[PDB]
Amino acid sequence: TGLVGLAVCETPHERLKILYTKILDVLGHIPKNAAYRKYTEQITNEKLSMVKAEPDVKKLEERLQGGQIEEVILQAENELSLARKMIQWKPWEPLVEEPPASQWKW
Amino acid sequence: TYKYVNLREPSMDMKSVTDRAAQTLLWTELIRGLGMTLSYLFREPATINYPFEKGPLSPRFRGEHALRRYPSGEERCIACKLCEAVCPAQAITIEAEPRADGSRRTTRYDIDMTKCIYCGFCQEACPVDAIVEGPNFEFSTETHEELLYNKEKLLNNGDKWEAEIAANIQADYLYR
Amino acid sequence: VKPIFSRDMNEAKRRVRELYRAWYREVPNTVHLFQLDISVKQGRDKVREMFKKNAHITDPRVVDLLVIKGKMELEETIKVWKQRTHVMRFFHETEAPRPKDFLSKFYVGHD
Amino acid sequence: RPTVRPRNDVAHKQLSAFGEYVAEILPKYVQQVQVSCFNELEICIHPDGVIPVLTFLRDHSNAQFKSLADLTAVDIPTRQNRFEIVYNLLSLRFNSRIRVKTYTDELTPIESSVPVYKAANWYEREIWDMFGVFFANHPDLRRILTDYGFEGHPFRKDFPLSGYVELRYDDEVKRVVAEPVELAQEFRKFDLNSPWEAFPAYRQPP
Amino acid sequence: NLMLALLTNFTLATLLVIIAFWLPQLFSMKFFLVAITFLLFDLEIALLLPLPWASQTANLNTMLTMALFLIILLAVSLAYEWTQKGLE
Amino acid sequence: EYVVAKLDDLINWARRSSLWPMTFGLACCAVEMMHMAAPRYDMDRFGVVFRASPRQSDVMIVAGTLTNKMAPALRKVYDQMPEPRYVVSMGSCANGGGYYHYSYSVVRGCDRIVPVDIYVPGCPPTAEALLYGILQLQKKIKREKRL
Amino acid sequence: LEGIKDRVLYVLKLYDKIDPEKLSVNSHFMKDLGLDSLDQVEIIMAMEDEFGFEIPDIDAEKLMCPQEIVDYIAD
Amino acid sequence: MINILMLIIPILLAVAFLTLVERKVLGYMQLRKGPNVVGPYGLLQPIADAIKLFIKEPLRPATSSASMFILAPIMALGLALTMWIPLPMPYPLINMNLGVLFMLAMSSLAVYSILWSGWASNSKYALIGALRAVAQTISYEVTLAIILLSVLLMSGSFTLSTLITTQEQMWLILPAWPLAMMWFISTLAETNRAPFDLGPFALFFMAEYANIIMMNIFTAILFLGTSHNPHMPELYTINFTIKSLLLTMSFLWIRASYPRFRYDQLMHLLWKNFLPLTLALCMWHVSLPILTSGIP
Ligand SMILES: NC(=O)c1ccc[n+]([C@@H]2O[C@H](COP(=O)([O-])OP(=O)(O)OC[C@H]3O[C@@H](n4cnc5c(N)ncnc54)[C@H](OP(=O)(O)O)[C@@H]3O)[C@@H](O)[C@H]2O)c1
Ligand code: SF4
Ligand code: SF4
Ligand code: SF4
């Protein structure tokens, strides 16, 4: 069995569990008062509970993905890169940038 | 919906491997591909030689422009600048003056064939049905000057096609 | 500051100098590789008259955009691009050309 | 209504949740204005950070967009800030369309979308061609739709439709195709603009 | 005559060129490895050329072992062409 | 006296027999130019051969729209052509810019680049009307070189 | 360095848009000779090819006089 | 000696009248009508192409290097026409001491025709594509020599007249079953434009299409025969032409039906795949006259 995409369908469990536990710590380094940490954490914790309850079932892969484990692993792989870029460039924690000129209607 | 293009290993063991190898060792499928054109050669070709035979058409077809007139003389074009503004190429130009006394119907009326992308929009926008698109193919010139249509005149010379236009418009009122 | 562009005031002037050397070396090369056209000496005179029209310098923002454009329209020869003596030709060949005088232009009657 | 109405609003409140969710982060660096009309979402972004907005929506646990496919730009001379580069984004896993806009005048350079999206570099060349907006830290900024001996930027509303260099003769010179000739046929400027206001609620008080 | 037969073809071929000429008035070294192998194989063909015309008077048992021998080594030369020839 | 007049028509009959056009895929017109190959309306081996080639071809059909980028490109093709050359401007774009015209990029007329002998006015130039362009070309060849 | 001033003066005087006798030694190309911001530095680029040494953009700004150019040429 | 002119003039007409066959038979394959307007069935068009290209069409050379470019068509047409001389037919004109050795020699020298054309152009742009066209012809001539020898080692010497006499009851297609398949493919390499494709330019057409008929005839000697009949020359002349014409249809069959094999994978069909196959059959054809008595 193999996925349709170029990413190889490898039989690996707990691989999703490592990456989802890693990203939670990165979020709790610099932003704390920001809403970015407060909202993303509760989605990841909801997804981690489904992995712990269901043992290698296709129904667990069907939850919020429905394209096997290979597509879900790609969602976790770029999550660490997105969290590190959000930690490096301050945007979520700080808001002080100038407002636009008053015009919008065409 | 899913249909799948991949065969997923047609050969398995012994019998299924040999015939998949036979088509690559010699040819077989190339000889089978040769037979496709072989029967295609015998069946009669659908070919039309233009100076004698003519191709299929329709009751409504757009070609070279020609403006129609009433059965009892009189130019049907009323001069509105209606067809001028709708024209997406801006090929049609119209400047109007009063005709002698009373009547007010046109003076300048040029349709560029250097422009004009052929819509039938000017046929549709016309309330009096002046420009009606006739079944035309024959138009070939030496210059742009000979190609672009002058102040009516050559458009009025569409009388040779107006007999067909009158027949075609009878299939146009209450559309098809 | 805002906005960055590329250089700040004095640094923008020396970017034009680096651009001038790169284009000065290409005009002898674009005779044998391209075509003879006019002259090597006359081609170098076409460079000086181009920079005279651009010579104003009030803000580095305007200068920096001219460098990027200068590394494009004058770059259309270095990496070998098709023009066939039609593109990248700046000088008018068929120009009349008109003059600015109250006796020359008024005799022809324009505007 | 049977033929008069296209579709009734039902997903409008569902799409309005996105208008709150991204705004719940609340950056002055990113958010500014959020507009939602006709089953579609529109966001405009402060010039200082465009790349951090594009790294968002890419991946993300709540919404997975990935494809930052089609890229447009708006030319408008009414505002003090001229150009408006508009990103059209599409999701495959989520099935939704969101919009990313820029408000800056952008005669001064703007941050590129090449490190986030691969096909973005080809669209970025078009914006530099037609509009004349330079992208900072861009790999290979080359002319596509413009001519090799073309002056200015062909789309800008400041200059005419015909242009300055357009007509190309052959005549006297054996091989050289002409350029400096400027005259063209007269494009009839239509002054067709209807009296009375077209629609209510769209009217703005002076 | 062979000399009369050959020269008639070339003289008529030269005349066809003049008709069009006179009447109207107003890098990559990988190709080299293919070319060399052509020469080296054709020389083995040159040694294997006499076979139908040679085997008439000579003993068959002495020839059989030697005739196949050249073709075997001609395949060994192609066996060396399988251990990475290139992209060609 | 009589042989001189009759031999001239025989050379003109050679071009009346066969004409090899250039396959320029620079238009929507080019898809209608591919309908010349489509069996229902054919000049194929009636006169037209789709082999084309930049040097061996006698006719070149300028299919539709030409930009300022293609203006030096199409000119050098015309120079590669042999002395008996006929240029057909099939399509309204080729005649003088059917659409666009007033646009910055599109070259008006085609005659500003390459001189035209036969004009075909049609946008989607119907294959029926396209058959005239080749038949008129064959008819136009009447007399060449008297002295 | 010996025999360096003679090699630079022969190439500078032979070049177009320059006085053969009026400007020689110690006098600046931009201040004393009379040349534009791009025109003055362009003459220094032609002298670099004849001598056989590549000149950087940073060193080109300071150099203007042929006497100062002779010191910069040595490596 | 008048018969030489009776083997050039009707042959040049056969290359001319190919233009009908090469796009009418090819036409019905593609459901299009070929020649029709020019003649009653287009019979006036083949001779009309000659008046178009020879007399009126002028020259524009790239550089014209003294002797070359005006020497390459002489080598092209000359070598193509001299191939007709050793042909056995009912009766051959000036029969050589060894037949097939002359046939392979003038075909191997016919490689020069595409070589001198590459040297005619001064540009580097043309010569890379020209050498690639040489590679299409030079490679297949290795196997062409091997498959020839296997047919000869079965029966007969190099003489082409003896090859007709050996086919008295049955054709050579049946004993040489995989070898007959090879001659359908290997002959197409010599500028036929079916498995792979690359004034004086018109003269190359008259030479390249001439080799197409030549390979059709040569296949109808090595594999076809049916009957000899020395007393009746009437029966052989008609029966030989029909057999050659059927092979001419198969040459135009590949040109229409099948796409190009790529230049790189042309060296994967041959050399990688064909050369181990042809030599294995050559190994088999050495043993055949020894296993069972078969010596001319
Ligand atoms: N460089 C020089 O040679 C040179 C030096 C000094 C001055 N000029 C002057 O510049 C001019 C150069 O012209 P050119 O020699 O370049 O012209 P040209 O090539 O001879 O062309 C003249 C054309 O006019 C036609 N024509 C002329 N007289 C005719 C007649 N009686 N009947 C029919 N057709 C006639 C010819 O057509 P047909 O061929 O179909 O008859 C010919 O195509 C000369 O008049 C000369 O006074 C030239
Ligand atoms: S053609 Fe019709 S719409 Fe146009 S001016 Fe005449 S009457 Fe009016
Ligand atoms: S057919 Fe279209 S382009 Fe032509 S004149 Fe009518 S409206 Fe204008
Ligand atoms: S004339 Fe019409 S069909 Fe032809 S290129 Fe122009 S728009 Fe396309």
# chains A, B, ... in the order shown; residues from 1 in each chain; ligands from 1
$ residues_near_ligand --ligand "ligand 3" --cutoff "12 Å" --atoms "only C-alpha atoms and all ligand atoms" --output "compact mmCIF listing (two decimals) with N, CA, C and O atoms, in the first residue's frame"
# COMPACT_ATOMS: atom_id res chain seq x y z
N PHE B 61 -25.73 32.56 -39.23
CA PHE B 61 -24.27 32.57 -39.37
C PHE B 61 -23.78 33.98 -39.69
O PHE B 61 -24.37 34.67 -40.53
N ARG B 62 -22.70 34.40 -39.03
CA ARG B 62 -22.13 35.73 -39.23
C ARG B 62 -20.88 35.75 -40.11
O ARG B 62 -19.90 35.03 -39.85
N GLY B 63 -20.93 36.57 -41.16
CA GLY B 63 -19.82 36.77 -42.09
C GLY B 63 -19.61 38.25 -42.36
O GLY B 63 -19.52 39.04 -41.42
N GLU B 64 -19.53 38.60 -43.64
CA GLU B 64 -19.39 40.00 -44.06
C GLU B 64 -20.68 40.79 -43.85
O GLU B 64 -21.78 40.30 -44.13
N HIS B 65 -20.53 42.01 -43.34
CA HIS B 65 -21.65 42.89 -43.00
C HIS B 65 -22.37 43.44 -44.22
O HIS B 65 -21.73 43.80 -45.22
N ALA B 66 -23.69 43.49 -44.13
CA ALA B 66 -24.56 44.10 -45.15
C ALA B 66 -25.83 44.62 -44.48
O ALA B 66 -26.47 43.90 -43.71
N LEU B 67 -26.17 45.88 -44.78
CA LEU B 67 -27.37 46.50 -44.22
C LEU B 67 -28.60 46.34 -45.12
O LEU B 67 -28.53 46.59 -46.32
N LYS B 81 -26.61 55.58 -33.36
CA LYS B 81 -25.32 55.35 -32.68
C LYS B 81 -25.42 54.23 -31.62
O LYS B 81 -24.52 54.08 -30.78
N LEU B 82 -26.50 53.45 -31.69
CA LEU B 82 -26.74 52.30 -30.80
C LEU B 82 -25.70 51.21 -31.02
O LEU B 82 -25.02 50.79 -30.09
N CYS B 83 -25.59 50.76 -32.28
CA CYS B 83 -24.62 49.75 -32.69
C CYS B 83 -23.17 50.22 -32.57
O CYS B 83 -22.26 49.39 -32.47
N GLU B 84 -22.96 51.54 -32.57
CA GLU B 84 -21.64 52.16 -32.42
C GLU B 84 -21.04 51.90 -31.03
O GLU B 84 -19.85 51.57 -30.93
N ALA B 85 -21.85 52.06 -29.99
CA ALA B 85 -21.39 51.94 -28.60
C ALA B 85 -21.26 50.50 -28.11
O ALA B 85 -20.42 50.21 -27.25
N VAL B 86 -22.08 49.61 -28.66
CA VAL B 86 -22.07 48.18 -28.31
C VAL B 86 -20.84 47.49 -28.90
O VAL B 86 -20.27 46.59 -28.28
N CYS B 87 -20.44 47.94 -30.09
CA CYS B 87 -19.31 47.39 -30.84
C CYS B 87 -18.01 47.32 -30.02
O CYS B 87 -17.44 48.36 -29.69
N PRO B 88 -17.56 46.09 -29.69
CA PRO B 88 -16.41 45.89 -28.81
C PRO B 88 -15.07 46.19 -29.48
O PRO B 88 -14.06 46.38 -28.79
N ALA B 89 -15.06 46.23 -30.81
CA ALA B 89 -13.88 46.56 -31.60
C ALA B 89 -13.85 48.04 -31.98
O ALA B 89 -12.79 48.57 -32.34
N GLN B 90 -15.01 48.70 -31.88
CA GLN B 90 -15.25 50.07 -32.38
C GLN B 90 -15.00 50.20 -33.89
O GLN B 90 -14.44 51.20 -34.36
N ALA B 91 -15.42 49.17 -34.62
CA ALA B 91 -15.25 49.11 -36.07
C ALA B 91 -16.26 49.99 -36.81
O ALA B 91 -15.95 50.53 -37.88
N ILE B 92 -17.45 50.13 -36.24
CA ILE B 92 -18.54 50.89 -36.85
C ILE B 92 -18.53 52.36 -36.41
O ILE B 92 -18.48 52.66 -35.21
N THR B 93 -18.54 53.25 -37.40
CA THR B 93 -18.63 54.70 -37.18
C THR B 93 -19.89 55.25 -37.84
O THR B 93 -20.26 54.82 -38.94
N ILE B 94 -20.54 56.20 -37.17
CA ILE B 94 -21.79 56.79 -37.66
C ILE B 94 -21.89 58.29 -37.33
O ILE B 94 -21.81 58.69 -36.16
N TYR B 109 -21.21 56.18 -42.67
CA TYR B 109 -21.44 54.81 -42.20
C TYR B 109 -20.33 53.86 -42.65
O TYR B 109 -20.45 53.18 -43.67
N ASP B 110 -19.26 53.82 -41.86
CA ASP B 110 -18.09 52.99 -42.17
C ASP B 110 -17.92 51.87 -41.15
O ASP B 110 -17.92 52.11 -39.94
N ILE B 111 -17.80 50.64 -41.66
CA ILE B 111 -17.49 49.47 -40.83
C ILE B 111 -16.12 48.93 -41.25
O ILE B 111 -15.93 48.51 -42.39
N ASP B 112 -15.17 48.96 -40.31
CA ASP B 112 -13.82 48.47 -40.55
C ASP B 112 -13.77 46.95 -40.49
O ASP B 112 -14.31 46.33 -39.57
N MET B 113 -13.12 46.36 -41.49
CA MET B 113 -12.84 44.92 -41.50
C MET B 113 -11.41 44.64 -41.02
O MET B 113 -11.06 43.49 -40.73
N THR B 114 -10.61 45.70 -40.93
CA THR B 114 -9.33 45.70 -40.21
C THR B 114 -9.59 45.46 -38.72
O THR B 114 -8.80 44.80 -38.04
N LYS B 115 -10.69 46.02 -38.23
CA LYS B 115 -11.23 45.70 -36.91
C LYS B 115 -12.35 44.66 -37.06
O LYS B 115 -12.29 43.83 -37.98
N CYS B 116 -13.36 44.71 -36.18
CA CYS B 116 -14.52 43.79 -36.16
C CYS B 116 -14.17 42.32 -35.90
O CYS B 116 -13.64 41.62 -36.77
N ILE B 117 -14.50 41.86 -34.69
CA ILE B 117 -14.25 40.47 -34.28
C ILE B 117 -15.46 39.53 -34.48
O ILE B 117 -15.41 38.36 -34.09
N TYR B 118 -16.52 40.07 -35.09
CA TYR B 118 -17.75 39.33 -35.44
C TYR B 118 -18.50 38.73 -34.25
O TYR B 118 -18.19 37.63 -33.78
N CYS B 119 -19.48 39.49 -33.76
CA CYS B 119 -20.26 39.14 -32.57
C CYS B 119 -21.71 38.84 -32.91
O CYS B 119 -22.32 37.93 -32.35
N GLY B 120 -22.26 39.64 -33.83
CA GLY B 120 -23.70 39.72 -34.03
C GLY B 120 -24.35 40.64 -33.01
O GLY B 120 -25.57 40.67 -32.89
N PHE B 121 -23.52 41.38 -32.26
CA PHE B 121 -23.98 42.35 -31.27
C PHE B 121 -24.70 43.52 -31.92
O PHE B 121 -25.74 43.96 -31.42
N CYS B 122 -24.15 44.01 -33.03
CA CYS B 122 -24.75 45.07 -33.83
C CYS B 122 -26.06 44.62 -34.49
O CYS B 122 -26.94 45.44 -34.74
N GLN B 123 -26.16 43.32 -34.78
CA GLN B 123 -27.40 42.70 -35.25
C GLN B 123 -28.45 42.66 -34.13
O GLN B 123 -29.64 42.84 -34.38
N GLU B 124 -27.98 42.43 -32.90
CA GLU B 124 -28.85 42.31 -31.72
C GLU B 124 -29.29 43.65 -31.15
O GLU B 124 -30.45 43.80 -30.74
N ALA B 125 -28.38 44.62 -31.13
CA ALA B 125 -28.64 45.96 -30.59
C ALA B 125 -29.54 46.80 -31.49
O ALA B 125 -30.18 47.75 -31.02
N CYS B 126 -29.59 46.46 -32.78
CA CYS B 126 -30.40 47.18 -33.76
C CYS B 126 -31.89 46.91 -33.57
O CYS B 126 -32.33 45.76 -33.68
N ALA B 130 -31.34 46.52 -39.18
CA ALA B 130 -30.65 47.02 -40.37
C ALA B 130 -29.48 46.12 -40.74
O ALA B 130 -29.50 45.50 -41.80
N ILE B 131 -28.47 46.03 -39.86
CA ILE B 131 -27.36 45.10 -40.06
C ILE B 131 -27.83 43.70 -39.70
O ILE B 131 -28.08 43.40 -38.53
N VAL B 132 -27.99 42.86 -40.72
CA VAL B 132 -28.27 41.44 -40.53
C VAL B 132 -27.12 40.68 -41.18
O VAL B 132 -26.79 40.90 -42.35
N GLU B 133 -26.51 39.80 -40.39
CA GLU B 133 -25.33 39.05 -40.82
C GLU B 133 -25.69 37.92 -41.79
O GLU B 133 -26.35 36.95 -41.41
N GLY B 134 -25.25 38.08 -43.03
CA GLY B 134 -25.53 37.12 -44.10
C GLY B 134 -24.46 36.05 -44.25
O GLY B 134 -23.30 36.28 -43.86
N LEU B 148 -11.64 47.61 -45.97
CA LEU B 148 -12.52 48.36 -45.07
C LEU B 148 -13.68 49.02 -45.84
O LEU B 148 -13.46 49.69 -46.85
N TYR B 149 -14.89 48.79 -45.35
CA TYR B 149 -16.12 49.21 -46.02
C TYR B 149 -16.38 50.71 -45.93
O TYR B 149 -16.23 51.32 -44.87
N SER F 92 -8.81 38.58 -38.74
CA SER F 92 -9.02 40.02 -38.53
C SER F 92 -7.88 40.71 -37.78
O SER F 92 -7.61 41.89 -38.01
N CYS F 93 -7.21 39.97 -36.90
CA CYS F 93 -6.01 40.45 -36.20
C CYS F 93 -4.85 40.72 -37.15
O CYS F 93 -4.10 41.69 -36.97
N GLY F 97 -5.43 44.30 -36.81
CA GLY F 97 -5.83 44.17 -35.41
C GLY F 97 -7.34 44.19 -35.29
O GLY F 97 -7.93 45.26 -35.13
N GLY F 98 -7.95 43.01 -35.39
CA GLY F 98 -9.40 42.83 -35.26
C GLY F 98 -9.89 43.32 -33.92
O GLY F 98 -10.68 44.26 -33.85
N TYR F 99 -9.41 42.67 -32.87
CA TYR F 99 -9.48 43.20 -31.52
C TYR F 99 -8.24 44.05 -31.25
O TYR F 99 -7.44 44.29 -32.16
N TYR F 100 -8.09 44.47 -30.00
CA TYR F 100 -6.89 45.13 -29.47
C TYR F 100 -6.58 46.45 -30.18
O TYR F 100 -6.97 47.50 -29.69
N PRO F 121 -10.78 38.21 -44.07
CA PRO F 121 -11.34 39.09 -43.04
C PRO F 121 -11.83 38.42 -41.75
O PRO F 121 -11.91 39.09 -40.71
N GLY F 122 -12.15 37.13 -41.81
CA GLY F 122 -12.85 36.43 -40.74
C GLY F 122 -12.12 36.19 -39.44
O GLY F 122 -11.01 35.66 -39.43
N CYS F 123 -12.74 36.61 -38.34
CA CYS F 123 -12.45 36.13 -36.99
C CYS F 123 -13.34 34.88 -36.84
O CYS F 123 -14.48 34.89 -37.33
N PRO F 124 -12.87 33.84 -36.11
CA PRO F 124 -12.95 32.47 -36.58
C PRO F 124 -13.11 32.35 -38.10
O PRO F 124 -14.23 32.20 -38.59
$ select_by_dssp --residues "chain G" --states "alpha helix (DSSP H)" --output "number ranges by chain"
G: 5-14, 39-51, 57-62, 66-73
$ residues_around --residues "region 2-7 of chain G" --least-positions-apart "5" --cutoff "12 Å" --atoms "only C-alpha atoms" --output "JSON list (two decimals) with N, CA, C and O atoms, in the first residue's frame"
[["chain", "number", "residue", "atom", "x", "y", "z"],
["G", 12, "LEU", "N", 46.36, 58.46, -20.49],
["G", 12, "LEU", "CA", 45.42, 59.51, -20.07],
["G", 12, "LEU", "C", 45.32, 60.67, -21.06],
["G", 12, "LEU", "O", 44.23, 61.19, -21.30],
["G", 13, "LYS", "N", 46.47, 61.06, -21.63],
["G", 13, "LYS", "CA", 46.55, 62.15, -22.60],
["G", 13, "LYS", "C", 45.99, 61.77, -23.97],
["G", 13, "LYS", "O", 45.44, 62.62, -24.68],
["G", 14, "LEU", "N", 46.14, 60.49, -24.33],
["G", 14, "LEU", "CA", 45.66, 59.96, -25.61],
["G", 14, "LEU", "C", 44.14, 59.80, -25.68],
["G", 14, "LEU", "O", 43.56, 59.81, -26.78],
["G", 24, "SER", "N", 48.30, 68.05, -16.20],
["G", 24, "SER", "CA", 49.32, 67.01, -16.03],
["G", 24, "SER", "C", 49.96, 67.09, -14.64],
["G", 24, "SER", "O", 50.42, 68.15, -14.22],
["G", 25, "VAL", "N", 49.95, 65.94, -13.94],
["G", 25, "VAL", "CA", 50.54, 65.75, -12.59],
["G", 25, "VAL", "C", 49.87, 66.54, -11.45],
["G", 25, "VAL", "O", 49.65, 67.75, -11.56],
["G", 26, "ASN", "N", 49.55, 65.81, -10.38],
["G", 26, "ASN", "CA", 48.98, 66.35, -9.12],
["G", 26, "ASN", "C", 47.56, 66.95, -9.19],
["G", 26, "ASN", "O", 46.83, 66.92, -8.20],
["G", 47, "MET", "N", 42.53, 53.05, -17.76],
["G", 47, "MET", "CA", 43.93, 52.96, -17.34],
["G", 47, "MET", "C", 44.23, 51.65, -16.59],
["G", 47, "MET", "O", 45.37, 51.18, -16.61],
["G", 48, "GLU", "N", 43.21, 51.10, -15.93],
["G", 48, "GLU", "CA", 43.31, 49.85, -15.18],
["G", 48, "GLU", "C", 43.51, 48.62, -16.07],
["G", 48, "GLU", "O", 44.19, 47.67, -15.68],
["G", 50, "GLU", "N", 45.00, 48.70, -19.13],
["G", 50, "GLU", "CA", 46.32, 48.83, -19.75],
["G", 50, "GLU", "C", 47.46, 48.40, -18.82],
["G", 50, "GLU", "O", 48.43, 47.79, -19.27],
["G", 51, "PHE", "N", 47.33, 48.73, -17.54],
["G", 51, "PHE", "CA", 48.32, 48.37, -16.51],
["G", 51, "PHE", "C", 48.28, 46.88, -16.17],
["G", 51, "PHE", "O", 49.34, 46.27, -15.97],
["G", 52, "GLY", "N", 47.08, 46.32, -16.10],
["G", 52, "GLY", "CA", 46.87, 44.90, -15.80],
["G", 52, "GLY", "C", 46.50, 44.63, -14.36],
["G", 52, "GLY", "O", 47.05, 43.71, -13.74],
["G", 65, "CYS", "N", 43.54, 62.25, -8.82],
["G", 65, "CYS", "CA", 44.80, 62.75, -9.38],
["G", 65, "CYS", "C", 45.69, 61.61, -9.88],
["G", 65, "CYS", "O", 45.72, 60.54, -9.27],
["G", 66, "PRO", "N", 46.43, 61.83, -11.01],
["G", 66, "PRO", "CA", 47.37, 60.82, -11.54],
["G", 66, "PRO", "C", 48.54, 60.51, -10.61],
["G", 66, "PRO", "O", 49.06, 59.39, -10.64],
["G", 67, "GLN", "N", 48.95, 61.49, -9.79],
["G", 67, "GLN", "CA", 49.99, 61.31, -8.78],
["G", 67, "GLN", "C", 49.53, 60.40, -7.64],
["G", 67, "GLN", "O", 50.32, 59.61, -7.11],
["G", 68, "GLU", "N", 48.25, 60.52, -7.27],
["G", 68, "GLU", "CA", 47.62, 59.66, -6.27],
["G", 68, "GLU", "C", 47.28, 58.28, -6.83],
["G", 68, "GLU", "O", 47.25, 57.29, -6.08],
["G", 69, "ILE", "N", 47.01, 58.22, -8.14],
["G", 69, "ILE", "CA", 46.69, 56.98, -8.85],
["G", 69, "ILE", "C", 47.90, 56.05, -9.00],
["G", 69, "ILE", "O", 47.73, 54.82, -9.05],
["G", 70, "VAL", "N", 49.09, 56.63, -9.06],
["G", 70, "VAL", "CA", 50.35, 55.89, -9.17],
["G", 70, "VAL", "C", 50.69, 55.10, -7.90],
["G", 70, "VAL", "O", 51.27, 54.01, -7.98],
["G", 71, "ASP", "N", 50.32, 55.66, -6.75],
["G", 71, "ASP", "CA", 50.51, 55.01, -5.45],
["G", 71, "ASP", "C", 49.54, 53.85, -5.23],
["G", 71, "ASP", "O", 49.90, 52.84, -4.61],
["G", 72, "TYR", "N", 48.31, 54.01, -5.73],
["G", 72, "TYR", "CA", 47.26, 53.00, -5.62],
["G", 72, "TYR", "C", 47.46, 51.81, -6.56],
["G", 72, "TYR", "O", 46.97, 50.71, -6.30],
["G", 73, "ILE", "N", 48.19, 52.04, -7.65],
["G", 73, "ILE", "CA", 48.48, 51.03, -8.67],
["G", 73, "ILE", "C", 49.44, 49.94, -8.20],
["G", 73, "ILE", "O", 49.37, 48.80, -8.68],
["G", 74, "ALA", "N", 50.33, 50.29, -7.27],
["G", 74, "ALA", "CA", 51.33, 49.37, -6.72],
["G", 74, "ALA", "C", 50.71, 48.31, -5.81],
["G", 74, "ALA", "O", 49.90, 48.63, -4.93]]
$ interface_residues --of "chain A" --to "chain D" --cutoff "8 Å" --atoms "only C-alpha atoms" --output "list in words"
residues 34, 35, 36, 40, 43, 44, 65, 75, 78, 79, 82, 85, 86, 89, 91, 92, 93, 94, 95, 96, 97, 98, 99, 100, 101 and 103 of chain A
$ residues_near_ligand --ligand "ligand 1" --cutoff "9 Å" --atoms "only C-alpha atoms and all ligand atoms" --output "list in words"
residues 145, 146 and 147 of chain F
$ write_last_selection --atoms "C-alpha atoms" --output "PDB file, in the first residue's frame"
ATOM      1  CA  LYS F 145       8.294  38.086 -66.513  1.00  0.00           C
ATOM      2  CA  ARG F 146       7.334  39.315 -70.004  1.00  0.00           C
ATOM      3  CA  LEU F 147      10.839  40.448 -71.053  1.00  0.00           C
TER       4      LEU F 147
END
$ residues_around --residues "residue 58 (chain G)" --least-positions-apart "6" --cutoff "12 Å" --atoms "only C-alpha atoms" --output "list in words"
residues 11, 14, 15, 17 and 18 of chain C; 72 of chain G
$ interface_residues --of "chain C" --to "chain F" --cutoff "12 Å" --atoms "only C-alpha atoms" --output "ChimeraX atom specification"
/C:81-88
$ interface_residues --of "chain C" --to "chain G" --cutoff "12 Å" --atoms "only C-alpha atoms" --output "PyMOL selection string"
chain C and resi 10-11+13-25+41+44-45+47-52+55
